[PDB]
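Here are two versions of the same chain, shown separately as structure tokens and labelled structure 1 and structure 2.
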Structure 1
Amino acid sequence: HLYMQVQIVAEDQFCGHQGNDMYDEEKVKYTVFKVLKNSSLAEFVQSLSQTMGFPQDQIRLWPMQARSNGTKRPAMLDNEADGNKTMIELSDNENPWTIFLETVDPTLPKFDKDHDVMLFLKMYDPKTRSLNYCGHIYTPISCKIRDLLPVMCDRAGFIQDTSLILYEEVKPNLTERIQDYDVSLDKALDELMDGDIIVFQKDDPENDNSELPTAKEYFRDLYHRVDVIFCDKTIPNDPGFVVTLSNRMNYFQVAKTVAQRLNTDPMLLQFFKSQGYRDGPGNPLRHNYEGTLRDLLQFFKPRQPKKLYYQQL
């Protein structure tokens, strides 16, 4: 058909997010618009302005853009202001098309497409082991990291001249500490781009007594946390119960922690490796399997979820 979905997501959806990128794609709530694929952007801004309740001058669109580095981030609108450019053109044939929408009060400052960058600010609290959204800032690229530290303190509710350790959340399982604060933004970050995220925390010995002392450790830890659902193969519909494991776990560990949950011994449980792409169990899984849980589950989609069957026995 000649219609496309356009899902708006508002900055209030980034608050409380406890993982990589700005929000959980699955668990976030969208405002959905149905638009002619051939629409102008102008028309969309008009109807979005009408619906969302903001004047066209108080809003700014940052289309969400899934990357091959494993991240989805806000991006600069493509429009070569604005030679026709249909909505379906602007989205690179992507349907649906998700777009971060920036408003203002509950005016919006000018942004030089070429010389300014929009960056996102997270704060890691090593005590509680939790991330705290601290909004987004417009700054010149020429600007030095040093000069953003006051703002980072303010938004996290810190005192001025508070010591901060800075990282760039590059991608899942990759959080790079920023060493030199006296360089430009484009020098400091890996590939400077609108929608880049820097995570900061207090520089305090006290937090070394935390289970996860830094953001680096926190995100690495998150990369490994993984939920899997276990079901009896003989022979009901699906008595599913999902238990939290690590991707680092080998056969023993995954068995001992699933067997404990059922009450039996691990010697009584027989796991079957997931066929992958195909329908059911198929293969039995050897207890001398030298691989990890990451390797067991790399068949399963990104939707996903993770699951594998067992007799018991």
Structure 2
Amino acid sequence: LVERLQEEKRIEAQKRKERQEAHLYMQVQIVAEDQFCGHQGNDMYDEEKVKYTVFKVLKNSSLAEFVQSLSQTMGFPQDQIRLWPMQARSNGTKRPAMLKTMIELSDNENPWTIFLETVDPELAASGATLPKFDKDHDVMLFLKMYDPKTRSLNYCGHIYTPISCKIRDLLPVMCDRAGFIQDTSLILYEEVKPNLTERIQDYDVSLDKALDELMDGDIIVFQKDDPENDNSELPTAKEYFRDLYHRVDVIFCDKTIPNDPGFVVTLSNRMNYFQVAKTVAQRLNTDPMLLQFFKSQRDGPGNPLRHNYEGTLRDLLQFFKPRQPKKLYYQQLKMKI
């Protein structure tokens, strides 16, 4: 007790000095390209699913300090890395941007997230190096290949190119990264923002003119022109991103089975009662009639939803916060008595 009661005072002493100091510090979240592979969504990665390396850094510390700590921590030379701060934009995108105190560089943002380009350690073992970047005449671009058969996106890395380069001149690389033959016919889009995927028509103009509002971190999506895919449910990247925009995963818990973890169903925000009900039924091998849904409140099932509801799944889900997992309670009614 005697020496035990001193340690309980030492712990409250150290934990209060840290509470006071915590305003002097900021999070820097380092995200690495390997996290972009497999991402099926808009922009480069999912904020929630991605995995960061995390740095606790004095707000008024310098960049050079961070870089040094960074290169030594991560195990790279200082001149074999490039920092591309992630920038939340007004149009609803977050993108690597181009790059005094850390906090002023983050534009007061905290946590600050940064895309750290490095060389692939495998390829660097055989003499690969960080390519240089004329911050004025070059642009960094991201490539995605859409496959209409599987209706999926396939990250195809990034490229450094002179801004003055023709779109046509990039086709060989897209074809190659996608595993296609040179001079395979491609349809190209700028992924602009969610629900905006503009086709690029003139391939014989510079990148400044081809994309609207050209910046580093811009994304071009491409795809074959295979006829077998006219058949497909989402024949183009444009249509794929539209489907995605209106997409939502909802968890359905059976109110009568308490603590039922429930199951996830992928629905559309622009569905109606019938569509919602019918989908969930096909999952349970039952009749839509036999399902009663309850509204969303608190945690717990709310008021019962009436089957003549005229609204949309959006309307039902409009009281959920961005990070909140979307859940609706239901229960099953009897066929006979």
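Rigid core: the largest C-alpha set superposing within 1.5 Å between the two forms. By convention here, residues take numbers in order along the sequence of structure 1, the first being 1.
With the core held fixed, the Cα of residue 18 is displaced between structures 1 and 2 by less than 2 Å. Once both forms are fitted on their rigid core, the CA atom of residue 121 lies less than 2 Å apart between structures 1 and 2. Rigid-body rotation of the smaller part against the larger part between structures 1 and 2 amounts to 22 degrees, from C-alpha fits.
Taking the core as the fixed frame between structures 1 and 2, we note the C-alpha of residue 289 moving 6.2 angstrom. Once the core is aligned between structures 1 and 2, the alpha carbon position of residue 264 differs by 9.1 Å; this is the C-alpha shift at that site. Core superposition places the Cα of residue 245 2.1 Å apart between structures 1 and 2.
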